[PDB]
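Everything below concerns the one structure shown next.
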Amino acid sequence: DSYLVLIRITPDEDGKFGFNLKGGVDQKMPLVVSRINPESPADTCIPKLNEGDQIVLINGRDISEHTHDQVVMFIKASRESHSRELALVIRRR
Amino acid sequence: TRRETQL
């Protein structure tokens, strides 16, 4: 059925990756991409991120028990990190 | 209500 994709994204000049997140443990919904911003780093890397992608790992961290705000802070922190790069493992239908 | 966050 479903499959896993590892997307590497580096942020643009505003520190933005170009996607929208919904979900988290505090919401009663899984963590999914709800928008790809066209031409953004998320849209242009290869492989690229798609709307509806379910986030599984963030830089290898298992996030299935984190809040929306925690997942957001994890993503923002990958920016000023070792390689400046965000590694996402997503599940795609 | 339900959260959507731009990043």
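All residue names refer to the structure tokens as shown: chains lettered A, B, ... in order, residues numbered from 1 in each chain, ligands numbered from 1 in order.
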Wanna dump the chain A-chain B contacts at 7 Å for me, each residue with its shortest atom pair and the distance in Å to one decimal, counting only C-alpha atoms, ordered by chain and number, as JSON lines?
{"residue": "A:16", "atom": "CA", "partner": "B:7", "partner_atom": "CA", "distance": 5.3}
{"residue": "A:17", "atom": "CA", "partner": "B:7", "partner_atom": "CA", "distance": 5.8}
{"residue": "A:18", "atom": "CA", "partner": "B:7", "partner_atom": "CA", "distance": 6.1}
{"residue": "A:19", "atom": "CA", "partner": "B:7", "partner_atom": "CA", "distance": 5.8}
{"residue": "A:20", "atom": "CA", "partner": "B:6", "partner_atom": "CA", "distance": 4.5}
{"residue": "A:21", "atom": "CA", "partner": "B:5", "partner_atom": "CA", "distance": 5.3}
{"residue": "A:22", "atom": "CA", "partner": "B:4", "partner_atom": "CA", "distance": 4.8}
As a PyMOL selection string, which residues of chain A does DSSP assign to strand (DSSP E or B)? chain A and resi 3-9+19-24+29-36+54-58+61-62+86-92
Could the residues in this selection be written to a file with N, CA, C and O atoms, as a tab-separated table (two decimals), in the first residue's frame?
chain	number	residue	atom	x	y	z
A	3	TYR	N	4.06	3.97	1.31
A	3	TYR	CA	5.52	3.90	1.23
A	3	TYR	C	6.14	5.11	1.90
A	3	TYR	O	5.48	6.13	2.15
A	4	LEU	N	7.44	4.99	2.18
A	4	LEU	CA	8.21	5.99	2.90
A	4	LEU	C	9.14	6.71	1.95
A	4	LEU	O	9.77	6.09	1.09
A	5	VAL	N	9.24	8.02	2.13
A	5	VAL	CA	10.12	8.88	1.35
A	5	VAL	C	10.91	9.76	2.31
A	5	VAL	O	10.33	10.33	3.24
A	6	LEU	N	12.21	9.89	2.08
A	6	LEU	CA	13.05	10.79	2.88
A	6	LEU	C	13.31	12.07	2.08
A	6	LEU	O	14.02	12.05	1.06
A	7	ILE	N	12.75	13.19	2.54
A	7	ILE	CA	12.87	14.48	1.89
A	7	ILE	C	13.86	15.34	2.66
A	7	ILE	O	13.66	15.62	3.85
A	8	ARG	N	14.90	15.80	1.99
A	8	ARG	CA	15.82	16.78	2.53
A	8	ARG	C	15.51	18.15	1.94
A	8	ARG	O	15.43	18.30	0.71
A	9	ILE	N	15.36	19.14	2.81
A	9	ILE	CA	14.98	20.50	2.44
A	9	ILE	C	15.92	21.47	3.15
A	9	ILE	O	16.14	21.35	4.36
A	19	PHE	N	6.13	24.74	3.44
A	19	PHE	CA	4.96	23.89	3.63
A	19	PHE	C	4.20	24.29	4.89
A	19	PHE	O	4.71	25.04	5.74
A	20	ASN	N	2.95	23.83	4.96
A	20	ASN	CA	2.08	24.03	6.11
A	20	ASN	C	1.85	22.70	6.83
A	20	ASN	O	1.67	21.65	6.20
A	21	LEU	N	1.84	22.75	8.15
A	21	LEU	CA	1.63	21.57	8.96
A	21	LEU	C	0.29	21.64	9.67
A	21	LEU	O	-0.10	22.71	10.17
A	22	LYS	N	-0.43	20.52	9.68
A	22	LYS	CA	-1.52	20.30	10.62
A	22	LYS	C	-1.22	19.06	11.47
A	22	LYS	O	-0.39	18.22	11.11
A	23	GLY	N	-1.90	18.95	12.60
A	23	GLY	CA	-1.88	17.72	13.38
A	23	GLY	C	-0.98	17.80	14.60
A	23	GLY	O	-0.35	18.82	14.90
A	24	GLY	N	-0.93	16.68	15.31
A	24	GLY	CA	-0.11	16.57	16.50
A	24	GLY	C	-0.85	15.84	17.59
A	24	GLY	O	-2.03	15.55	17.43
A	29	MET	N	-5.41	14.36	15.55
A	29	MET	CA	-5.16	14.08	14.14
A	29	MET	C	-3.68	13.80	13.94
A	29	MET	O	-2.83	14.34	14.66
A	30	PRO	N	-3.33	12.96	12.96
A	30	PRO	CA	-1.92	12.74	12.65
A	30	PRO	C	-1.29	13.99	12.04
A	30	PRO	O	-1.95	14.93	11.59
A	31	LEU	N	0.04	13.97	12.03
A	31	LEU	CA	0.85	15.06	11.52
A	31	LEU	C	0.96	14.95	10.00
A	31	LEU	O	1.62	14.03	9.48
A	32	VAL	N	0.33	15.88	9.27
A	32	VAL	CA	0.26	15.85	7.81
A	32	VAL	C	0.55	17.23	7.22
A	32	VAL	O	0.24	18.26	7.81
A	33	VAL	N	1.17	17.22	6.04
A	33	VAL	CA	1.38	18.43	5.26
A	33	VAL	C	0.05	18.86	4.66
A	33	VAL	O	-0.58	18.09	3.92
A	34	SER	N	-0.38	20.08	4.96
A	34	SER	CA	-1.65	20.56	4.42
A	34	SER	C	-1.49	21.56	3.27
A	34	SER	O	-2.49	21.95	2.68
A	35	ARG	N	-0.26	21.96	2.95
A	35	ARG	CA	-0.03	22.84	1.81
A	35	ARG	C	1.43	22.72	1.39
A	35	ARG	O	2.31	22.69	2.25
A	36	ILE	N	1.66	22.65	0.08
A	36	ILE	CA	2.98	22.91	-0.49
A	36	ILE	C	2.93	24.28	-1.14
A	36	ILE	O	2.06	24.56	-1.98
A	54	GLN	N	2.25	12.25	5.39
A	54	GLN	CA	2.17	12.06	6.84
A	54	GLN	C	3.58	12.07	7.40
A	54	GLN	O	4.42	11.28	6.96
A	55	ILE	N	3.87	13.00	8.31
A	55	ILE	CA	5.22	13.09	8.85
A	55	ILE	C	5.45	11.95	9.84
A	55	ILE	O	4.66	11.74	10.78
A	56	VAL	N	6.54	11.20	9.64
A	56	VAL	CA	6.91	10.07	10.49
A	56	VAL	C	8.11	10.41	11.37
A	56	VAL	O	8.04	10.28	12.59
A	57	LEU	N	9.21	10.85	10.77
A	57	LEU	CA	10.42	11.27	11.48
A	57	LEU	C	10.80	12.69	11.08
A	57	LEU	O	10.58	13.11	9.94
A	58	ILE	N	11.37	13.41	12.02
A	58	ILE	CA	11.96	14.73	11.81
A	58	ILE	C	13.41	14.64	12.26
A	58	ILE	O	13.68	14.57	13.47
A	61	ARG	N	13.95	11.92	14.49
A	61	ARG	CA	13.21	11.87	15.75
A	61	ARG	C	11.79	11.38	15.51
A	61	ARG	O	11.08	11.92	14.65
A	62	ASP	N	11.39	10.37	16.28
A	62	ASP	CA	10.01	9.87	16.28
A	62	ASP	C	9.10	10.89	16.94
A	62	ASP	O	9.32	11.25	18.10
A	86	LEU	N	16.87	20.17	6.80
A	86	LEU	CA	15.76	19.46	7.44
A	86	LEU	C	15.56	18.13	6.72
A	86	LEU	O	15.35	18.12	5.50
A	87	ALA	N	15.63	17.01	7.46
A	87	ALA	CA	15.38	15.68	6.91
A	87	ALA	C	14.03	15.20	7.41
A	87	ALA	O	13.84	15.04	8.61
A	88	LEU	N	13.10	14.96	6.49
A	88	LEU	CA	11.78	14.47	6.85
A	88	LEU	C	11.59	13.07	6.30
A	88	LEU	O	11.91	12.82	5.14
A	89	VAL	N	11.08	12.17	7.13
A	89	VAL	CA	10.62	10.86	6.68
A	89	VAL	C	9.10	10.92	6.73
A	89	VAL	O	8.52	11.24	7.78
A	90	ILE	N	8.47	10.68	5.60
A	90	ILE	CA	7.03	10.84	5.47
A	90	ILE	C	6.45	9.54	4.95
A	90	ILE	O	7.13	8.76	4.28
A	91	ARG	N	5.18	9.30	5.24
A	91	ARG	CA	4.47	8.18	4.65
A	91	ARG	C	3.50	8.73	3.62
A	91	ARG	O	2.75	9.67	3.90
A	92	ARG	N	3.52	8.13	2.44
A	92	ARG	CA	2.77	8.60	1.29
A	92	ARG	C	1.84	7.48	0.84
A	92	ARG	O	2.27	6.34	0.70
Quick one: residues within 12 Å of residue A:10, only C-alpha atoms counted, chain neighbours fewer than 4 positions away excluded, as a list in words?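 Counting only the stated atoms, we get residues 14, 15, 16, 17, 18, 40, 41, 42, 43, 44, 45, 46, 48, 75, 76, 77, 78, 79, 80, 81, 82, 83, 84, 85, 86, 87 and 88 of chain A; 7 of chain B.
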Kindly give the distance, in Å, that separates atom CA of residue A:49 and atom CA of residue A:65, rounded to a single decimal.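 Between atom CA of residue A:49 and atom CA of residue A:65 the gap is 22.1 Å.
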